[PDB]
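Heads up, what comes next is one protein chain in two forms, each shown on its own as structure tokens, labelled structure 1 and structure 2.
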Structure 1
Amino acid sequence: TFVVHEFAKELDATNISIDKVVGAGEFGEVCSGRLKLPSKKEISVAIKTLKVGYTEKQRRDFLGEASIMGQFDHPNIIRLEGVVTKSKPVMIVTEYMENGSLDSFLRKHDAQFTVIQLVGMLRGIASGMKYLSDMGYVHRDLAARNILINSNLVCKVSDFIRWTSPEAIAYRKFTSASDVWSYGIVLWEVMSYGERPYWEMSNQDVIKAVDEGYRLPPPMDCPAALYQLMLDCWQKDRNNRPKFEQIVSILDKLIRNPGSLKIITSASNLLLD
């Protein structure tokens, strides 16, 4: 069950080296480097720093991420290596993911992966979400931009209206079933190679169209089984959406029977139901 020092290792800064500054982040700089583990193994890591002259609120909000991430240990959830708090700048050190955010990565590779490669990505995301939901953690911001992808194309959940379920928009009813709605949107994003859900529709229209029963259309050459899975994730009644365990099983069956993916749906305009 989901509930800083309790869930995060205090790293010795002598074991951390920086070799690339990526850019600015919400609370400070973002870079990558190397971490020397206690066993002397050396690994690549992502490193995030807290800005000089931080406020106490900023420190709390920044480190709060580690207090959440550190509770999870799963191959499809970004791993927290630890934090540095006893020296400044304060740091969060996480799993290095060579290929960055999934949405941006897919946009660079439009139509260049096999369907089975895409399904593997999606199965990883679903497995990570099955564990988060098993822990009682509702992510609330599941989106391809918050999925990271490594050198072997393994996708992992990160970040601890377009993606939000209708009931969560209407009255802040956030549950694991609203995360399943979001997963359906991620499924569409992946099969669309990182197209923006609902493009640049007015937010009021995204809300109204979805409420009226309109859904994102099938991505080009989308397997029928995968578009149906999207529609299932987007059931108006949250009790009728699949659980994450069911999503993982559905995708595992498609991987086991790749021929099933050859059945292509029939089917920038939304489709009613």
Structure 2
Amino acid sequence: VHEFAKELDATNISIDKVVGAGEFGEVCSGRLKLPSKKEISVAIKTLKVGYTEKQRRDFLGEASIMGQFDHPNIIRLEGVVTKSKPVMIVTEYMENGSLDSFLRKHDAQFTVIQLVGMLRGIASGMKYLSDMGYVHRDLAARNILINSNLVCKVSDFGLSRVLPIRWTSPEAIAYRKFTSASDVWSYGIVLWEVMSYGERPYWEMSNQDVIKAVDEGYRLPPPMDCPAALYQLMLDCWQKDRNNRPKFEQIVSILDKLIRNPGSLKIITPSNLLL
């Protein structure tokens, strides 16, 4: 852990409030005083009292992964507290929380260009992640955090590995073939989530039907008022043949173009799912 994460002094951390319930203990918001004396807002994951040796390793395991990344679209690790209790992971604070819950509060309230900006940030973060040889395996709108300026950043490195059915590519579901191309599939689902303002992918379909339908060639339908360019990008991310999916670099380039001329987004697009 300490190879990649600074040990922070607990005297430099203030706890303001409990803000959520994580897998391993509550999440708080607070402040961190840096060595330069600058004070920043932080999010603080705590490890529950009475944790096992195993829970502690898996908890801190995420920090070991997060700490290897330094990118504007990947949640920044400020450090860990292990020498006192509770054990903590301290990250940059993201005022607007998880992207799916944020978008659900604002159905149809953002411009296409604003949504594209969010999507471009996520793609850029994933381009960096894939460049470092990590497959996220849990790329979903609920695992993207969004700040006060609407910048989106990849979070939740709990399932991440060095090289969730609704978000997983067919081949990864079929035989655990996880590659950066399976993350690209997940990115296509996130793209659908964003353009749908946080609608649940495949709604409440039974998992075996999600698995069978996607395998048969069915895809999520275009969200209401979705630009053709963005729906096509979803379909490209969802190619059955993983070698035909775009790379994250190409996705970033595609979105950089749509951001560049919103007069591209003017063309708008028997079963729920489409064949």
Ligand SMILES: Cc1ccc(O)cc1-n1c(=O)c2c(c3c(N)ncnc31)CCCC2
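Each residue is numbered by where it sits in the sequence of structure 1, with counting from 1. Between two forms, the rigid core is defined as the largest C-alpha subset superposing within 1.5 Å.
Participant: Structure 1 or structure 2: which matches the form deposited without the named molecule?
Facilitator: Only structure 1 fits here, because that chain is the form deposited without the named molecule.
Participant: Can you read me the CA shift for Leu254 between structure 1 and structure 2, rigid core superposed, in Å?
Facilitator: The shift comes out to 0.4 Å.
Participant: By how many angstrom is the CA atom of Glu26 displaced between structure 1 and structure 2 after fitting on the core?
Facilitator: Between its two positions, the C-alpha of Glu26 lies 1.6 Å apart after core fitting.
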